[PDB]
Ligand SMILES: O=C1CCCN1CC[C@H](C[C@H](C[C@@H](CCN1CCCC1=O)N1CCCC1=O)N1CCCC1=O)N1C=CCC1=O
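Take a look at this single chain, the form solved without this ligand, given in structure tokens.
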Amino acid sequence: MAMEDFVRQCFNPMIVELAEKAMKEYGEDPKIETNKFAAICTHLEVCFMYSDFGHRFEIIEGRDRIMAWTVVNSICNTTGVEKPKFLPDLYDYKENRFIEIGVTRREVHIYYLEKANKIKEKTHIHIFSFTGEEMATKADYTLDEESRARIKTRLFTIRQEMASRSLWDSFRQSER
């Protein structure tokens, strides 16, 4: 699979390994579910990028479940903020709120409703597309123009890379 080769070549090994771990532990093979693998990596990278543009953010996504919940509990105990039912992706120490990060091959409003419906919580939601569109709750985009622009550019580059290798048509039809 070119798709597996693309993944190993466009994401850095820590991300690839983190994505592989999370698939394999749940009995999913990244050489078979190659679109899912590419999606997990993409989303991981966005979460890491989002975190890196701030010690403003706590990274929750990408840790094992014990650690993610340890981090969430520890944030809750010290800030007082409500404990989410689902593991979010980051915590924002400036805005004092969790963030759910969405990356979608579909329209941002569509994916946004899917997320908000799933955590109907007082978690902030920020959706990115592979087209440069974003949507965030209350149109509050958390980051500055430049950090958002780097995320959008990276996502658009992944898409175009996939398109170079004729993987994009498959990739975008494999989301809900």
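Numbers follow the displayed sequence, beginning with 1.
Although it is not shown, the form deposited with this ligand bound is what the next lines describe.
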Just superimpose the C-alphas near the binding site, carry this ligand over as positioned in the deposited complex, and say whether the shown chain is open or blocked by the 2.4 Å backbone or C-beta rule (3+ atoms for blocked). open
Verify the contact flag for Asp52: yes if a non-hydrogen atom of it lies within 4.5 Å of a non-hydrogen atom of this ligand in the deposited complex, no if not. yes
Taking 4.5 angstroms as the cut-off for heavy atoms, does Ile15 touch this ligand in the deposited complex? yes
Does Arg56 reach this ligand in the deposited complex if we count a contact as any heavy atom within 4.5 Å? no
In the deposited complex, is there a heavy atom of this ligand that lies within 4.5 Å of any heavy atom of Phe48, even though the partner is absent here? yes
Taking heavy atoms and a 4.5 Å limit, what residues of 63-80 are near this ligand in the deposited complex? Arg63
